[PDB]
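For reference, the structure is listed below as structure tokens.
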Amino acid sequence: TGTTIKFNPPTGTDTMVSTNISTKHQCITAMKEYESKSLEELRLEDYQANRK
Amino acid sequence: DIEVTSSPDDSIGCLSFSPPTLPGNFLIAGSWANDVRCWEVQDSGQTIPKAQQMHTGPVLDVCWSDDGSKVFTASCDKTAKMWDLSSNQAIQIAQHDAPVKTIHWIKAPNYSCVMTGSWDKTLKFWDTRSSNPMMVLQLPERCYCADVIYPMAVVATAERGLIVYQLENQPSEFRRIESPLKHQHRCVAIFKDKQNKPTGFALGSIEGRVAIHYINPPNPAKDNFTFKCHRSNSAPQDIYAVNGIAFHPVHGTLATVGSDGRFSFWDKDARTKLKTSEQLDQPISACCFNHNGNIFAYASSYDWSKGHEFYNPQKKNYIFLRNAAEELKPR
Amino acid sequence: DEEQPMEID
């Protein structure tokens with residue numbers, strides 16, 4: 001409940017057009033711990049807990 | 001780009017211009033300071049703060065009534081209000097069991113109502129005068145985004161839900177669609193055909209990816225496609241989230257705003273990237289067009305994309321207006 | 001800037 005766990009951009013792989021590249025994902029809900037809630041949901045919880 | 005005078009004090013989440021039935025142009029904005037604000041936009045770009053109303057929770061979506069006399073609000077206080085503008089009175093017309101994420105006005109040839117999509121996994125319809133919802137529809141998850149163009153409505157939910165509704169006579173489900181994106185749904189917008197009839201929609205995820213989906217294309221394997229966007233780049237490519245998507249009302253082309261602080265214009269028929277802007281000091285949260293497409297508005301605010309550690313309560317929240325409809329003209 | 005073709009999958 002809330003963004004209590006620190007942000008860590010998950011890593012991945014992909015191609016681009018024609019080569020192979022690596023990727024960092026700059027969204028907190030892309031991590032496993034926040035994959036079940038949205039950005040507005042996490043933000044709303046940090047507000048009600050006075051964690052601004 | 002030109003700023004809007006007296007912008008809200010916190011992050012903006014929604015924008016909405018006035019209908020054509022009103023003379024001139026007017027802009028509505030909702031912020032995480034639980035406030036709703038209005039600006040009269042002059043032809044020269046000068047913006048005049050006209051009125052303001054407040055919720056007890058952050059406002060997540062706003063829209064206008066068809067005749068231009070009302071403005072509807074959706075807040076995290078599980079309610080939704082109707083705001084008569086000539087009298088400057090805002091009363092409650094909607095109630096939910098969870099924050100309200102989407103709000104839309106439905107002008108049918110046989111009824112007219114307000115639709116509310118909330119995180120309580122439901123979808124209610126209000127007649128703006130009775131405390132009971134005239135119809136309640138069930139969603140399999142929390143509501144994340146929606147859009148309404150008669151006779152078609154599209155709603156995206158959590159767990160990558162995707163449902164299309166028919167609106168003739170009364171709203172009901174048309175089809176549940178397997179999502180063409182494999183990440184969290186975020187924003188959606190409906191586009192029309194050459195005969196001005198709704199035909200498909202554009203879906204955006206948090207993975208810098210936007211999907212184009214037609215309802216009944218002749219060859220869906222080649223007609224429906226997905227394209228990358230809002231990714232800043234031998235070296236790793238940063239993937240940012242799509243926070244908003246809207247179509248130009250005259251040229252049929254689309255714009256997109258993302259957590260990368262940039263906004264891009266796209267053509268889905270020719271499948272080409274028209275423009276990409278500079279990197280703003282903070283992500284772009286919302287955007288919309290005016291009634292004739294000559295004004296493109298976009299708000300620069302924090303989106304909680306990197307968590308609470310990256311929220312700076314003193315960075316100024318800006319709303320920008322761009323008088324460029326020809327950057328979206330196809331060739 | 002100038003027109004570019006879409007990066008489509």
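Identifiers for the structure tokens are assigned positionally: chains receive A, B, ... in sequence, residues are indexed from 1 per chain, and ligands are indexed from 1 in the order shown.
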
Hey, list the chain B side of the contact with chain C: 9 Å cut-off, only C-alpha atoms, answer as a ChimeraX atom specification.
/B:225-229,266-268,270-277

Chain A residues within 9 Å of chain B, counting only C-alpha atoms: which ones, as a VMD selection string?
chain A and resid 2 to 9 13 20 to 30 35 to 40 42 to 44 46 51 to 52

I'd like to know which residues of segment 67-290 of chain B are helix (DSSP H, G or I) (by DSSP, run on the backbone); could you write them as a list in words?
residues 158, 159, 160, 220, 221, 222 and 223 of chain B

Any chance you could tabulate, as a Markdown table, the residues of chain A at most 12 Å from chain C with each one's nearest atom pair and distance in Å to one decimal, using only C-alpha atoms, in chain and rising number order?
| residue | atom | partner | partner_atom | distance |
| --- | --- | --- | --- | --- |
| A:14 | CA | C:9 | CA | 11.5 |
| A:15 | CA | C:9 | CA | 10.2 |
| A:16 | CA | C:7 | CA | 8.2 |
| A:17 | CA | C:7 | CA | 7.1 |
| A:18 | CA | C:7 | CA | 11.2 |

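Between atom CA of residue 71 of chain B and atom CA of residue 164 of chain B lies a distance of 25.0 Å.
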